[PDB]
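Undergrad: An experimental structure, sequence included, is below.
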Amino acid sequence: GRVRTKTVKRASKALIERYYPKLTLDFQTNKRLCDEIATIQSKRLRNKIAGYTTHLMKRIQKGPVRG
Amino acid sequence: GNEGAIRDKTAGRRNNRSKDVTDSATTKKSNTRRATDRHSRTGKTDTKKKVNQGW
Amino acid sequence: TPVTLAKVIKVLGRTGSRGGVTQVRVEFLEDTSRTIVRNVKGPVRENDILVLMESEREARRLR
Amino acid sequence: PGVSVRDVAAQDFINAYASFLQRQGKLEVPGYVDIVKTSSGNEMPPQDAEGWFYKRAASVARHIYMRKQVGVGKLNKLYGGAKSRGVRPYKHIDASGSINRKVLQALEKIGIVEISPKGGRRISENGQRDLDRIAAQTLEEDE
Amino acid sequence: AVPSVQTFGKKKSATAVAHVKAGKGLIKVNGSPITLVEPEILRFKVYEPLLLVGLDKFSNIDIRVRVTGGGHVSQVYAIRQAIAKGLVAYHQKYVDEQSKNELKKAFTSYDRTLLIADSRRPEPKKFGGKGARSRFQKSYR
Amino acid sequence: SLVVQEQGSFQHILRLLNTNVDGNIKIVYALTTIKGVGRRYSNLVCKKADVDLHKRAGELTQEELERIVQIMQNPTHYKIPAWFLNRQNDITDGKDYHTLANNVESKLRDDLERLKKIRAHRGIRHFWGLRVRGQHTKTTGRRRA
Amino acid sequence: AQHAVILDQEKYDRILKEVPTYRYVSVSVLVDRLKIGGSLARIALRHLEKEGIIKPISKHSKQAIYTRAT
Amino acid sequence: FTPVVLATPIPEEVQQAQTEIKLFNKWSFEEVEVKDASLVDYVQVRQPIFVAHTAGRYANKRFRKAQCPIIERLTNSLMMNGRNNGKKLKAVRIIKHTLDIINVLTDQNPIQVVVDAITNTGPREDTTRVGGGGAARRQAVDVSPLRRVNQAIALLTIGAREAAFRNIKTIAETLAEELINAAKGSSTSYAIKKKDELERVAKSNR
Amino acid sequence: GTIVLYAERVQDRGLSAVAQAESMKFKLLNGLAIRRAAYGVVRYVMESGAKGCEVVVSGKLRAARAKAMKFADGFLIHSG
Amino acid sequence: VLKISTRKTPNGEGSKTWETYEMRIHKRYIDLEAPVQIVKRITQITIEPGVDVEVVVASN
RNA sequence: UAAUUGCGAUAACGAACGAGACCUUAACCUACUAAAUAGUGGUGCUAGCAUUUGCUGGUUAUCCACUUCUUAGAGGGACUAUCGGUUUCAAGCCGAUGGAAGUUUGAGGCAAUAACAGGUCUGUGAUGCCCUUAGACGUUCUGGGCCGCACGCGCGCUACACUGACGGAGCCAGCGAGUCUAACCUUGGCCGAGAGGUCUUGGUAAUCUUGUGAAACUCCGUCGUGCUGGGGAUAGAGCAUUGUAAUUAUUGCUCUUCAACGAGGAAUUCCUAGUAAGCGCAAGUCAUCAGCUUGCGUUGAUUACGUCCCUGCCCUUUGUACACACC
Ligand SMILES: [Mg+2]
Ligand SMILES: [Mg+2]
Ligand SMILES: [Mg+2]
Ligand SMILES: [Mg+2]
Ligand SMILES: [Mg+2]
Ligand SMILES: [Mg+2]
Ligand SMILES: [Mg+2]
Ligand SMILES: [Mg+2]
Ligand SMILES: [Mg+2]
Ligand SMILES: [Mg+2]
Ligand SMILES: [Mg+2]
Ligand SMILES: [Mg+2]
Ligand SMILES: [Mg+2]
Ligand SMILES: [Mg+2]
Ligand SMILES: [Mg+2]
Ligand SMILES: [Mg+2]
Ligand SMILES: [Mg+2]
Ligand SMILES: [Mg+2]
Ligand SMILES: [Mg+2]
Ligand SMILES: [Mg+2]
Ligand SMILES: [Mg+2]
């Protein structure tokens, strides 16, 4: 599978919540974002996180998303 | 000794081969108890006093 | 041999309590305007072309 | 243009060289050859009977031509094939230390290999010459 | 020196190193012409890039390849890759680019991975069988 | 090699060393159906005797065959190395023989007897119909006898 | 030991007149024409080739292969 | 074909039928088309190759094995029964001989016959042990092309193997033989009979 | 001369597993109640500023049949 | 890598589980060209618990 | 979803343990820092063949340079990305393109609460209790035994051949190990058909054994379907090795002898890609002895990509007079 755990999804929510100006449709920049704006202990988890706080953006751009 | 060893009839493969095979050969694991394993046969017994003093 | 060509148009599912059998709707290409549902043996996807060896008859559930 | 042995395929080069030494007669050929088994890991003698020492000689030559230094131990191994332990799994086995060490001495007496320093045996100054020669003759058969 | 580059190929554990310099027009492997290389039935595998992208192309360059590790197939795949990777790097630094991109194109369109090395590799065995996936025979009682 | 011909010469089957030998088989291997003469022993004899190995038993001139035997029944004078031989260092005269034909049946017996006549455990163990070379006898060799 | 091992004069003469109409010829075809055990069959293939009569269009061990001449 | 000669020379016939056409061992891919609707798609031919040895990662996706060059498919399936596991170099060369053999008899692109031999032994309908409560009779099914092709290859190679077994004819021949006869199946083949009877049993119960 | 020993008081025994087992041991050898023992250690360790702590006692006290207890408080993780 | 491969069980019972411990040895070497003063200084200090330092000399 | 993995529903809202994260190994860096214990190009000294400049080698430092390949440090990289089908347009899933890599990326390591009268007192100078303690159940020494053979059961090895055996020839790995107060891994030279012996030698090791020239495999021959040259059991005779000792034959070599076995009833095991299977190798054991195992690399498929029919487990529902819990 590839269902993203709660830790991933919980951070993502928490980032989109308090930094929507800043952040984008681009994971490439959202990666670099997370580093400055968030303490995370692994490269891997950071990517797993940014990639999904990205995906979440990507469709807010077309309608809202609960949560 | 070795003298008796060979002279002795009653021996060698021929003689065994000719005899029938015991039935105990092709049997079982014999077991004897395995589903009485949880029923302690000590006859004894702790006691809620002792176990309370201990634990 | 009145062989018959039919184009798999939809994957519907696996019947047979084993499962090796796919329920499939097919469209003929030798005169379309009629579709019909057949049971396969092998691995199938959309646009495959079964050799319907009896143009008419069809199965449902297997056991 | 100029020609090597490395410019010619394994089989043909050796077979011509094997034929060459045979065509010649200067050699040295133990004498037990015909009754010997090439390796303990084998079943029957070579099928060439008269010959095959050449085939080895030629091979042995061609091999030490292609490199710095190799000796008895390395040559034993190379030629060693697998050996059916009857009802037991195969292992690889080393080959006769005698065929080779005598192929080594023999080909040297014929000047194709000198007992190199660093150990082993090395392609003689002369060998390069004569090897490259029948090598050349080998590609001439496709002229 | 002359204009040149070095490129490699890798299959399994074969790594095939290839030096490509401007030259008269050869292609030797470990120490021999490519018209041998036997393995053999495969030989058209390592011919492949030459003919893939036109015999000419090599008239201006020389090429050496030496392969270590690997095994009697592993190496044939490794070296074709390094040949064809080398032709497509030389042009990257020396000819023009639309050349290089033309060569990448004709190679990938054919391809048994000539430019990209196959990621596959032996998986560890684990205790309980004679193989990575295989398990030893069992019996119950 | 050579598309040959031959007149009537070649005869199928032939009898040497008290046995029967099939003519239309390679003479190295044809020689093997004699007891006490495995492939190695054969190949060396024929090499030695100077005969075309490529031939079948069938052709083989009668003087060739005659030489073949004479060497087989006397290997050590004709410079064959004894370690090539099935009975080095006898056990009485200490000579090096190479027992052949019906005499290998004859000489397996003598050896077996000598052990039993001496009550040696190997002997006893022979007389009992068992394995001797020290194999386990629980699981293996069950039918036999 | 069921016949094919030798060369019975009329045999060789057979293996001159009989090899035409052989669309395919190899070692294993010559055992099929109730004759020649593979060995002395293999020898034929070189000497059915001595002068034409067959064309080498394949190479080696295990497999040989020929066709009639032209 | 415009001659070219650099330092280390590439052979005439090598230089030749390469840069020209991309044809097989030395056989043509153009022509060679699948004489039965369906199977087309599920039988390769184009792109054309040199030898049927390919480190083909046809494995890790459900259908992509369809894309493997048919001739090479055919070879892969030659290399079985325990002892001959792996040993592709064996097979690869067995096919070489095989193809040449086919071609000698009855003309034809040998590769074309391999197609026809394939197309003609893949059974159009079959059977599968339907329950109905223990007493499992036989229900007729319409088998897919991918299974029609697979089962062909398997059926094809096998018969040759048992045929080749224990006897003077060599796999190369018998493999050719099966195909040759399966080109327009004359029921003197393991494969056709099996096909036929398997469509006999499917007809016997519907 | 070539070998030299110095002793060196450990900075809080409270966060050192080994130090506390030997406490636990030595507790029970003056006959402290099984819990009062362990249940104490966890409490002292905590006040030594551990994030979490666990004690098990296993085997047999006083009764005949063997038991085992757990004594945890605070936070632990168990994997990786 | 120093590998050690063992059954986990002290005895015999159970599915035969195997457990491989390993110990890794890391080795560098640094070549210097200095006189007697710096060397001896540079050897006695720089010390560290867990790193074995060895300083040879000579042109052979 | 592999996951109490999430989505969603929602008297719950929000969290922690376990899962995931993490860690190790295998993949990608012509980016970074370097290397006579890794290696490349040039240049000397030099061999051979052509000579027309060339081609193919020799040369632990005759110098210059370089880090592609090798090594291991620090970084980077992937997040199922882009796009699109799908779906409660949710988690997600499928396809295409690109990518070193897109099945938890592949394989592992660690792994909560609880259960079992699972196994181990024969690993422990761990241990309660019982037994025994000088004609000992202590210990040691000599010698036998654990291998004994009508036969039942289980893991294996080798096979029945022609995708073969044999004989020459090609000739390619990776994981490893290795001698101090000592005899470890052994190159090379000679003698020996062999096994081996003997003279020397490099290595406490990316430095030497070792490029571990391993095996399957590839090449050209011989044999031709014949229990055959498939197969090598059983057995005789000899020669060598380890060891104080080899008989009940430790192992190795040579000749010889040349069995069953012509693909195996009912049944049953294992497995989804560099996997299965074939194939050898190191390591553990080890004085000597692998038909075992733990790892390793070499050659490299067929068929799924599904389901609950069989079998095993889990989950709710439900019954219970069981709770020492259906023993
Ligand atoms: Mg070898
Ligand atoms: Mg060999
Ligand atoms: Mg077991
Ligand atoms: Mg005999
Ligand atoms: Mg035994
Ligand atoms: Mg085998
Ligand atoms: Mg956790
Ligand atoms: Mg984990
Ligand atoms: Mg680098
Ligand atoms: Mg792609
Ligand atoms: Mg119990
Ligand atoms: Mg214990
Ligand atoms: Mg025992
Ligand atoms: Mg062979
Ligand atoms: Mg001697
Ligand atoms: Mg020393
Ligand atoms: Mg026989
Ligand atoms: Mg044999
Ligand atoms: Mg060992
Ligand atoms: Mg064991
Ligand atoms: Mg209730």
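TA: That came through fine. Numbers count the residues shown, from 1 in each chain, chains lettered A, B, ... in the order given. Ligands and ions are numbered 1, 2, ... in the order given.
Undergrad: Next up, phi/psi of the most centrally placed residue in chain H, please.
TA: For chain H, the residue nearest the mean C-alpha position is residue H:74 (3.7 Å; CA atoms, centre = their mean). Main-chain dihedrals, residue H:74, degrees, to the nearest 10: phi -50, psi -50.
Undergrad: which residues touch it?
TA: H:52, H:95, H:114, H:118, H:153, H:156-157 (CB atoms under 8 Å, 6 or more residues apart in numbering or on different chains). In short, each C-beta sits where N, CA and C put it, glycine included.
Undergrad: Just the buried residues out of those, in PyMOL syntax.
TA: In PyMOL syntax, the buried subset of the contacts of residue H:74 is picked out as below (16 or more other CB atoms under 10 Å in any protein chain shown):
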select buried, chain H and resi 52+95+114+118+153+156+157
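Undergrad: any chance of the contacts of residue H:74 in a markdown table, plus distance to residue D:46?
TA: What follows is the contacts of residue H:74, written out as a markdown table (distance: CB to CB, whole Å):
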| residue | distance to residue D:46 |
| --- | --- |
| H:52 | 36 |
| H:95 | 33 |
| H:114 | 42 |
| H:118 | 46 |
| H:153 | 43 |
| H:156 | 41 |
| H:157 | 37 |
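Undergrad: Could you find the closest non-adjacent residue to residue H:66?
TA: residue H:42 (5.2 Å; CB to CB, 6 or more residues apart in numbering or on different chains).
Undergrad: So the one you found versus chain D, what's the distance?
TA: Distance of residue H:42 to chain D, given as CB to the nearest CB, to the nearest Å: 41 Å.
Undergrad: Helices of the chain, start to end?
TA: By default, I'm working from chain A. Secondary structure of chain A, counting by DSSP state H: helices at A:6-18, A:27-37, A:43-60.
Undergrad: Over to chain D?
TA: Remark: helices assigned in chain D by DSSP H are D:10-24, D:53-65, D:72-79, D:97-109, D:125-140.
Undergrad: got the residues of chain A near RNA strand K?
TA: Residues of chain A lying close to RNA strand K by CB under 7 Å from any atom of the strand are A:1-10, A:25, A:27-28, A:31, A:41-45, A:47-48, A:50-52, A:54-55, A:58-59, A:63, A:66-67.
Undergrad: Pull out the buried residues from those residues.
TA: By 16+ other CB under 10 Å, these give A:8-9, A:27, A:31, A:47-48, A:50-52, A:54 as buried.
Undergrad: For the residue in chain C that chain G sits nearest to, grab the count of nearby residues.
TA: Closest residue of chain C to chain G, CB to the nearest CB: residue C:1 (31.5 Å). By other CB atoms under 10 Å in any protein chain shown, 4 other residues sit near residue C:1.
Undergrad: deepest of the helices of chain D, which one?
TA: Neighbour counts (mean count of other CB atoms under 10 Å in any protein chain shown) averaged over each of the helices of chain D peak at helix D:53-65, with a mean of 23.
Undergrad: Can you give the contact residues for that one?
TA: In contact with helix D:53-65 (CB under 8 Å, 6+ apart) are residues D:5, D:10, D:13-15, D:17-22, D:27, D:29-30, D:33, D:48, D:70, D:75, D:78-79, D:99-100, D:103-104, D:106-107, D:112-113, D:120-123, D:127-128, D:131.
Undergrad: Name the nearest of the buried ones among the residues of chain A next to RNA strand K relative to residue F:47.
TA: Taking CB to CB as the measure, residue A:47 is the one of these closest to residue F:47, at 76.2 Å.
Undergrad: who touches residue C:43 in this structure?
TA: C:22, H:62-63, H:144, H:146-147.
Undergrad: which of those residues lies closest to residue F:123?
TA: residue H:147 (68.2 Å).
Undergrad: Which of the helices or strands spans the nearest residue to the closest one once chain neighbours are set aside?
TA: Closest residue to residue H:147 apart from its sequence neighbours, by CB to CB, 6+ apart: residue C:42 at 2.2 Å. If you go by DSSP states H and E, residue C:42 is not part of any helix or strand.
Undergrad: Give me the neighbour count for the residue nearest to residue H:66.
TA: 23.
Undergrad: Quickly find the element holding the one residue sitting closest to the centre of chain F.
TA: For chain F, residue F:36 is the residue whose C-alpha lies nearest the centre (CA atoms, centre = their mean; 1.6 Å). According to DSSP H and E, residue F:36 maps onto no helix or strand at all.
Undergrad: my read: it touches residue F:102, true?
TA: No: judged on CB atoms under 8 Å, residue F:36 makes no contact with residue F:102 at a distance of 9.2 Å.
Undergrad: if we can go back for a sec, look up how far residue D:34 lies from the residue nearest to the centre of chain F.
TA: Going from residue F:36 to residue D:34 by CB to CB, to the nearest Å gives 21 Å.
Undergrad: My understanding was that residue D:100 contacts residue D:76; is that so?
TA: Yes: look at residue D:100 against residue D:76 with CB under 8 Å: they come within range, at 6.0 Å.
Undergrad: neighbours around residue H:123, how many?
TA: So residue H:123, with other CB under 10 Å, has 24 neighbours.
Undergrad: thought it was touching residue H:148?
TA: Yes: Residue H:123 lies in contact with residue H:148 (CB under 8 Å); the separation is 6.8 Å.
Undergrad: tell me which parts of chain F are close to chain B?
TA: Those residues of chain F that sit near chain B, judged by CB under 8 Å from any CB of the partner chain, are F:116, F:119-121, F:123-124, F:127-130, F:145.
Undergrad: tell me which of those residues is nearest to chain C?
TA: residue F:145 (50.8 Å).
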